[PDB]
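Residue numbers (the deposited numbering), protein chains in the order written: chain X, 105 to 156; chain Y, 105 to 156; chain D, 0 to 459; chain F, 2 to 459; chain C, 1 to 513; chain A, 2 to 86; chain B, 343 to 428; chain W, 2 to 174.
Even for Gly, the Cβ is constructed at its ideal location relative to N, Cα and C.
Take a look at the structure set out below.
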Amino acid sequence: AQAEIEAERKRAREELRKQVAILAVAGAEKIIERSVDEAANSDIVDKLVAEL
Amino acid sequence: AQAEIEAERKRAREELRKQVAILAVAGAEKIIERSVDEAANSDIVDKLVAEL
Amino acid sequence: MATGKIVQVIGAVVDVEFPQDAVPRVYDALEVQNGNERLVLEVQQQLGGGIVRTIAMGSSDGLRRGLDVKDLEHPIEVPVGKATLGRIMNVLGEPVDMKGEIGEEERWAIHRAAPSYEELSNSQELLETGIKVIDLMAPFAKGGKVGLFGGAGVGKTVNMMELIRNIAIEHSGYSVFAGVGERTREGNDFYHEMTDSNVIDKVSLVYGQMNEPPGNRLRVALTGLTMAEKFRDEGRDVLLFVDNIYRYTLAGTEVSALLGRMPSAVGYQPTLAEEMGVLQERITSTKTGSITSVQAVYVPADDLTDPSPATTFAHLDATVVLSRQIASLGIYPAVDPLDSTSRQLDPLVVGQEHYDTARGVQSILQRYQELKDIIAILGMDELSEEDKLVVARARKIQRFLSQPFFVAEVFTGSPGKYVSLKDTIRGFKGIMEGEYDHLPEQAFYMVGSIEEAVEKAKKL
Amino acid sequence: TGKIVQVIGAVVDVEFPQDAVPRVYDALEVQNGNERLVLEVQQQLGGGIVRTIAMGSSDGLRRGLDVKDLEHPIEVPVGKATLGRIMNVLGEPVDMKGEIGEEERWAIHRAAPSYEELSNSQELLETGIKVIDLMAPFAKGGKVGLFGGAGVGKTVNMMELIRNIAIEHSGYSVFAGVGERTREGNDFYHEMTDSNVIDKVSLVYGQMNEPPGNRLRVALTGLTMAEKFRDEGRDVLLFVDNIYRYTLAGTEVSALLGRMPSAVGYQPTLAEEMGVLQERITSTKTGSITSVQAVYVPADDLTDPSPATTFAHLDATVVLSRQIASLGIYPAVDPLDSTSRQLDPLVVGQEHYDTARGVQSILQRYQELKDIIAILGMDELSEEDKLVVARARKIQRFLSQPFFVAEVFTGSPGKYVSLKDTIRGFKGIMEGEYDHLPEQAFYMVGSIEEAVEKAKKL
Amino acid sequence: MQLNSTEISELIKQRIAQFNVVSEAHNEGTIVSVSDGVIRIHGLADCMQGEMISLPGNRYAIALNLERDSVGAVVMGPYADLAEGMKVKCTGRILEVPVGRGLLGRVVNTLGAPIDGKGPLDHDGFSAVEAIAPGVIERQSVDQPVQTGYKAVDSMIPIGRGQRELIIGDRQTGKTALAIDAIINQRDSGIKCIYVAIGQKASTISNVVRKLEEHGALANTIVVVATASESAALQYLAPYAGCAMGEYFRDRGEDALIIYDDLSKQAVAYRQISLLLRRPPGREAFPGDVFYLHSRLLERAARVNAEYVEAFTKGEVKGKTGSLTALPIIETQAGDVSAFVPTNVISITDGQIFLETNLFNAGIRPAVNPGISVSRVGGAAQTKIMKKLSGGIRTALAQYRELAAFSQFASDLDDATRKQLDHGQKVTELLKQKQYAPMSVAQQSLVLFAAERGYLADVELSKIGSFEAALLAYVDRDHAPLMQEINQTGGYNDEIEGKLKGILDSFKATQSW
Amino acid sequence: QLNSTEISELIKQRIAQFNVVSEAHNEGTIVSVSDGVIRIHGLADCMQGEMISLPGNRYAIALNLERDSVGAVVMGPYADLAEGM
Amino acid sequence: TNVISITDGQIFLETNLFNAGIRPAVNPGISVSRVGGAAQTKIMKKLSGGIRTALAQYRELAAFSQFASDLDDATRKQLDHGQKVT
Amino acid sequence: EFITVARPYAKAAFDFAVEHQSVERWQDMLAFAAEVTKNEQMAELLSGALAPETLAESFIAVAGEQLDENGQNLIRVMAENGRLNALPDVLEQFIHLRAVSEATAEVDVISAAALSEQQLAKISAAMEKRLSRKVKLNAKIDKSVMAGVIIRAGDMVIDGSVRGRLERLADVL
Ligand SMILES: Nc1ncnc2c1ncn2[C@@H]1O[C@H](COP(=O)(O)OP(=O)(O)OP(=O)(O)O)[C@@H](O)[C@H]1O
Ligand SMILES: Nc1ncnc2c1ncn2[C@@H]1O[C@H](COP(=O)(O)OP(=O)(O)O)[C@@H](O)[C@H]1O
Ligand SMILES: Nc1ncnc2c1ncn2[C@@H]1O[C@H](COP(=O)(O)OP(=O)(O)O)[C@@H](O)[C@H]1O
Ligand SMILES: [Mg+2]
Ligand SMILES: [Mg+2]
Ligand SMILES: [Mg+2]
């Protein structure tokens with residue numbers, strides 16, 4: 105089971121790369137009480153994949 | 105042994121959500137970093153003083 | 000209006016700064032609002048320029064600096080008189096039994112001067128307790144003080160419960176019970192015992208429980224004492240039970256250390272023998288009335304010499320020492336007949352009949368101690384006729400000093416007995432003369448009065 | 002960029018600009034003339050001051066010198082490079098050989114391994130010492146401690162444990178000398194180097210001569226080296242020369258740091274100072290440390306605060322005593338105070354446990370008679386008590402043994418006794434089947450068969 | 001399962017959503033000192049005593065000195081990272097700890113953080129660490145047994161639900177073993193157990209937890225850990241964190257048992273904290289209020305009558321009395337009980353179990369010294385079968401202790417006393433017991449009846465233990481219904497006495513040991 | 002750091018005019034009361050072992066003559082003395 | 343004890359022996375030399391052997407062998423030599 | 002440190018300066034008396050164990066800007082108590098007491114940027130409703146507080162910064 109959950113874990117690491125950006129934008133918006141359809145997505149993805 | 109397996113699953117879910125939280129708030133900061141704006145910023149000031 | 004402000008809070012010690020026209024006097028009581036709860040502080044020292052150092056009569060947590068302190072201009076003062084009988088109160092004279100307002104007519108400050116040497120009156124009226132060994136071997140008079148000495152588990156507390164029951168049921172005397180540093184478990188046991196025995200309506204209870212700051216455990220003895228003084232000034236004869244002098248002195252040590260005084264003999268405060276005297280000098284039989292007292296005094300590690308029990312002996316008139324060894328053989332009240340003593344035990348006051356019966360019991364037992372260690376090595380049969388007879392009478396006396404209590408009725412189920420002094424003397428003298436030599440020993444165990452021995456001997 | 006402003010004994014106060022003040026346990030530096038001196042900061046007082054301990058001779062420091070703020074704690078070489086070499090408390094090489102070629106340096110202040118990571122093992126360790134593994138067996142990965150006054154045998158015993166377990170163990174080994182003789186450290190280094198095992202052992206030495214800062218922080222350097230080896234996945238032997246000197250060096254400095262004294266003069270932080278060290282010397286799921294610690298007890302008082310707080314940190318405690326050594330019975334282990342966590346039927350098996358408890362029962366019954374024997378003489382005993390005494394006085398001798406490292410003192414060649422071979426001997430003596438042999442037949446022998454032989458020759 | 005990363009991400013979204021971004025005014029101060037775990041904060045005009053001050057990083061300090069121009073606060077965690085000039089906030093909060101039913105079977109440090117690595121807790125909310133015990137009028141007299149499973153204790157030194165019994169003795173005499181057998185024996189009794197360890201080394205906590213796991217007990221108990229490496233504030237506050245977790249049960253009509261291991265190390269941690277705050281020291285350098293430190297901890301062990309429960313649970317639980325039982329442990333140097341902390345806690349508690357190192361060496365295990373051990377609750381807490389039978393053991397041992405002096409001249413004695421002097425030794429050899437082997441009340445009652453009624457008068461001393469084992473085995477198969485009855489009710493009757501006499505008669509003849 | 006019984010308004014008086022010996026030095030004022038001992042400020046010409054006469058017709062014995070104040074013990078009930086007398 | 347812990351041995355001079363005219367009153371059994379024989383000339387090392395344990399044994403043997411004695415010829419020669427030595 | 006020993010002298014000096022309506026003169030008298038304490042040499046002489054009044058005289062000699070009775074007397078008392086090094090803090094406590102008595106306070110505005118001067122108006126006005134005093138702003142700028150504003154008054158702060166929102170959120174997660 106312990107070497108199986110290790111497969112589950114890296115599948116989840118693959119998946120979460122997509123949710124994290126949505127989380128970042130939602131947090132930023134609730135913090136600043138405003139919507140921002142940010143332009144320079146470059147910075148978003150540069151973090152979206154580097155440390156993940 | 106089954107209890108131990110379930111405990112490892114809980115532990116891994118938690119240590120995963122920690123990573124995503126870290127990257128999430130760092131990204132929200134990088135988002136504010138370029139959505140920040142003299143007009144919206146002055147609006148923050150206005151709202152906090154009005155609430156003061 | 001409130002005219003002072005807190006400036007330090009270190010544990011249970013609080014400092015308050017007043018304008019120099021309004022400094023509280025020593026022992027004055029202050030009040031502060033600990034949020035949604037009222038708290039009173041007792042001034043211990045005036046130091047510096049309007050600053051005052053105080054002990055909190057309550058939990059210290061939650062105090063900010065700068066809170067407004069309003070000073071009462073009178074010491075802690077408590078309700079007194081009949082209104083308090085049957086109630087339970089804390090050091091501040093507030094009810095802790097949920098039955099509501101005390102209905103006091105009058106309030107007295109707990110700090111007052113002891114009677115003058117002029118006001119006392121020496122009267123030798125013996126108390127009658129209903130407990131064979133104490134009435135026989137350690138008599139004590141009105142106005143006197145009795146110290147129950149012993150280690151842990153020997154029966155100080157149940158002996159005091161039985162004394163309360165006897166005095167209140169047979170002689171109708173008001174009693175004040177002051178629990179200095181009281182185990183809340185034993186305090187609830189006491190409350191339910193006295194309410195079951197139906198004596199409660201002739202006792203007033205004061206509890207300073209162990210979980211309370213030192214300032215509470217220290218002053219409680221004075222609250223009980225003040226209630227007793229009110230009853231004396233009504234011309235009654237009251238009786239004051241203090242549940243431990245040892246914990247009174249420990250509270251004194253704590254308060255001393257907290258105030259930062261330089262310690263003394265074995266750690267105790269410097270003022271130990273003054274605190275003890277300030278207390279034990281208010282308990283006296285002024286001409287108007289009387290206060291008698293019996294006081295439990297734990298002896299730590301069986302030394303009888305550390306300053307706390309060593310300093311109290313100077314104030315006691317009779318001392319009853321309880322031993323765990325005797326208790327372990329099952330003969331309660333577990334009093335040691337040889338070690339207990341009294342100043343009132345001399346012919347002039349107790350009468351020759353009593354004095355001689357007491358000294359006879361002592362002689363018999365003191366010889367039986369010699370003989371135990373012959374019987375061990377040689378066996379019984381090598382003794383003389385009178386030696387075997389001294390042994391039989393010694394064992395019968397040693398049995399007959401046990402008694403069943405109305406308050407121990409809950410541990411053993413057997414109903415209690417009250418034995419008048421006439422009957423105690425008559426019984427022991429009858430045993431020593433050899434009138435009852437024809438009964439077996441067990442006829443005397445837990446028997447109560449002497450007639451009950453001749454009755455119990457039938458059924459055995 | 003900071004100035005000295007006081008010098009009290011070993012502790013030095015340094016003043017920095019308000020914004021630059023160093024953190025706790027950072028290491029500063031001073032040029033003590035034609036020299037270099039390292040200070041370890043211990044406290045931050047207010048106002049940009051900081052109060053430190055000098056890792057060197059404090060003499061020669063003026064007020065107003067200039068100190069440099071290294072921005073990191075003390076760090077020592079670590080790994081295979083450290084191996085077979087002698088090192089200072091600062092991790093400098095102290096033999097005459099070259100630089101330590103280490104790849105990596107670790108700070109000597111670290112946290113203990115999480116409770117989540119500990120490991121627990123019952124695997125017994127055999128030692129060739131009758132008394133130690135009869136009464137106080139200990140396990141691979143555990144802690145052992147030798148308690149005793151001055152001059153009773155807690156160093157010779159540690160050298161025998163080294164000889165017995167450390168040569169017959171493959172992995173690396175670390176020896177920390179804390180505040181004990183330099184002569185003994187030199188003898189040890191040369192014995193190693195002349196038996197070619199030096200290249201498995203690492204040495205660290207802050208011996209009696211050094212100032213209090215060295216004797217204070219050297220044990221942590223030793224621990225850091227052992228902790229590296231542990232975390233590589235190896236298993237390690239860690240011997241500490243005298244751990245009492247660490248708390249003593251703490252006491253020497255305590256007052257100068259401005260701390261109110263405590264029970265018998267000791268520092269207030271005694272138990273924390275000792276826990277924070279004793280708690281990182283442990284085994285773990287990734288590796289394991291077996292450690293033997295000598296613990297001096299001052300004035301032979303086993304209730305002094307320092308031994309009394311150490312008893313709680315050890316698995317197997319061996320307690321030496323002067324009243325046994327004065328009878329010539331080495332090793333002077335007292336069997337009525339030695340003890341082990343491992344002495345359970347479920348671990349050592351019924352027979353060994355039962356033999357150990359029988360020996361203890363006899364020796365205690367013998368203690369209970371010594372007052373009547375002292376007063377009235379041996380003739381007033383019951384006829385069965387004379388037998389208890391006659392067997393205890395044999396058990397005491399048979400607990401004696403000659404050591405390979407004690408040939409220097411007594412000529413007699415050392416012996417190695419296997420456990421199987423000693424529980425049999427004690428079961429024999431207790432059961433009274435060697436009950437026809439003189440006392441001196443048992444003194445300083447190996448197995449029970451060397452005793453039955455020694456009896457023939459007187 | 002975990003592949004449902006939707007759970008993870010949506011849950012993060014829930015934490016985001018409920019973040020109310022409004023601002024709150026707070027009071028502030030600055031660190032001006034750092035040393036040995038104490039910090040001095042200049043500012044915080046509105047700090048309260050006992051308040052939790054909040055440092056940088058998720059760290060806190062307990063403000064203990066409100067001096068005129070400073071606040072002395074003790075850091076609850078590794079302090080070496082703090083620095084002069086850091087900024088600090090005064091929350092309004094007091095220290096609160098997780099509590100509830102889910103903690104059973106978990107290991108937690110003194111802040112209720114899980115330390116065993118089995119993932120987050122499932123608590124039932126939070127509770128204040130520092131509280132005040134139930135008053136005089138809310139107690140109920142203790143009259144129920146809590147069984148230890150030791151012949152030596154449950155007969156001569158009963159412990160009742162709601163009592164506070166001190167285990168005291170020198171190092172390495174079984175103080176921990178006795179308490180942990182007391183905990184194991186509750187594996188099926190309805191009593192929840194809490195074992196709080198002060199200042200022990202972690203690889204020992206792990207060992208006793210591994211033993212509670214061997215036997216069934218771990219699933220029933222909470223472990224609170226403050227290892228020897230943790231700062232003094234945590235070691236000192238751990239017992240309150242444990243009591244607050246036992247009171248969750250007491251205040252809801254259930255029974256609990258709490259075991260403070262080494263109050264003699266809480267006292268040491270508190271001494272360190274006091275001396276670093278420069279408070280005036282007392283005897284042995286202990287601060288003044290070290291009585292009031294333990295007093296208000298132990299007086300939380302209580303039995304509360306059903307009306308206080310109904311008032312607290314707002315009518316949800318009726319007619320049940322809650323109870324919290326405490327067994328603090330103390331360590332005495334060289335058997336000396338006249339030191340400061342022993343002499344306080346001996347005064348606070350309801351009884352004492354004195355463990356002697358001589359008895360422990362001589363073979364007597366557990367080493368309880370019957371002649372100076374006491375229990376003020378006494379027989380009121382026993383099952384009435386035990387209450388009946390143990391009275392005679394008290395006297396047998398008391399006569400043995402009075403005669404024992406002659407044992408060293410015994411051959412000279414007279415048989416009329418030799419009978420007693422041998423019955424004492426046989427009953428003493430009877431109270432020896434092996435570790436991790438608890439006895440049900442039926443077995444202790446049977447084995448004491450055997451010795452009280454003279455059956456052992458002829459068995460030889462060295463065999464008493466095999467006699468006992470054989471008897472306990474026999475009865476378990478050939479008379480099981482009687483054991484079931486006794487264990488289930490504890491009653492006593494001439495009928496039961498006849499059945500026991502029959503069992504002993506049949507055993508002593510028809511079998512062997 | 003300890004203050005030595007120099008306090009707000011005494012310092013104000015000294016602000017008024019430094020040498021205050023214009024006041025007759027036969028007399029003083031209490032500045033502290035505790036445990037039966039009092040600190041008296043003033044009393045320049047107190048002599049060690051002297052009798053100091055308190056209000057209410059009581060006496061104190063001057064035992065400590067210090068650089069700024071006289072420490073004395075009270076010969077009777079002290080609880081009702083107050084700073085300023 | 344502090345100093346017994348720093349040195350390489352001790353010569354313990356006992357006052358009981360010294361009053362009995364045994365001078366120097368070297369008490370064997372407590373006194374030891376932690377460097378041992380490594381320091382001695384070869385002749386001295388050969389001759390001395392473990393002599394000091396011989397006198398330690400003789401001196402404790404005299405502890406029981408005053409009011410009574412057993413094995414009373416071999417203990418007798420042990421005592422004789424120990425006495426002529428001292 | 003000298004905060005706790007400056008308090009009595011500060012309070013006494015202020016009481017006197019109120020009774021003589023000369024607060025404003027005392028304040029600068031004390032500032033000068035403080036700066037004399039900071040001189041390289043005087044600070045040496047202040048540590049040397051001179052007898053009190055000789056030290057007092059050597060100190061007065063250096064001051065002609067002290068009003069010849071009351072300032073001298075303060076200095077002389079402080080010399081009697083060896084507390085001359087406390088002047089730097091007697092000054093601060095005098096200033097604070099003046100503030101408290103005149104019911105005038107000072108509050109700090111720390112911001113990502115300078116404000117639009119009606120923001121400052123609203124701020125100060127509402128502060129005089131948090132606090133009763135006449136409030137004197139002194140805004141400052143920083144960018145660690147990338148957005149929002151911080152209002153720090155005495156030791157009570159209201160955290161409106163966005164940084165204090167980010168980190169305050171992160172610790173929830
Ligand atoms: N009933 C018993 N029978 C036999 N051995 C026992 C018994 N109880 C305890 N022991 C043994 O005594 C040893 C010490 O036990 P334990 O650690 O519980 O004592 P302790 O007082 O906790 O010591 P410490 O104070 O160091 O924790 C243990 O190894 C245990 O095996
Ligand atoms: N006369 C008696 N009859 C029965 N039990 C008694 C008697 N006296 C004392 N005890 C027992 O002694 C125990 C403690 O008694 P207590 O008076 O509290 O002792 P202490 O004097 O130490 O307080 C109680 O459990 C009680 O059962
Ligand atoms: N097995 C042994 N045989 C003989 N002598 C021994 C033995 N063990 C220790 N000793 C003696 O113990 C004495 C004390 O030495 P040491 O162990 O260094 O004490 P310490 O522990 O203080 O260092 C030594 O001089 C040595 O002769
Ligand atoms: Mg009692
Ligand atoms: Mg040594
Ligand atoms: Mg333990």
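Scanning chain F for C-beta atoms nearer than 8 Å to the C-beta of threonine 343 of chain B yields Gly150, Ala151, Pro299, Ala300 and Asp301, reported in chain order.
Excluding its 5 nearest sequence neighbours in each direction, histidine 479 of chain C has C-beta neighbours in its own chain below 7 Å: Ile503, listed in chain order. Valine 377 of chain B: not part of any beta strand (DSSP E); DSSP gives it neither H nor E.
In this structure, the CA atom of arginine 218 of chain F is about 35 Å from the CA atom of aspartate 289 of chain C. Contact annotation: in the segment 139 to 154 of chain Y, residues whose CB is within less than 7 Å of a CB in chain X are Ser139 and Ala144. Under the three-state reduction of DSSP, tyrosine 297 of chain F is assigned to strand. For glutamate 112 of chain X, there is no enclosing beta strand (DSSP E); the residue is part of the alpha helix (DSSP H) that begins and ends at 106 to 136. Comparing alpha carbon positions, the residue from D:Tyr331, D:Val298, D:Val293 and D:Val453 closest to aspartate 316 of chain D is D:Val293. DSSP places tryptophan 107 of chain F in the uninterrupted beta strand (DSSP E) bounded by 105 to 108. In this structure, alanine 295 of chain D has its beta carbon less than 7 Å from a heavy atom of ligand 4. DSSP, reduced to helix, strand and coil, places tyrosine 260 of chain C within a strand of the structure shown. Among the residues of the segment 12 to 43 of chain C, those with a Cβ less than 7 Å away from any Cβ of chain X are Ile12, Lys13, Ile16, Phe19 and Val21, in the order of the chain.
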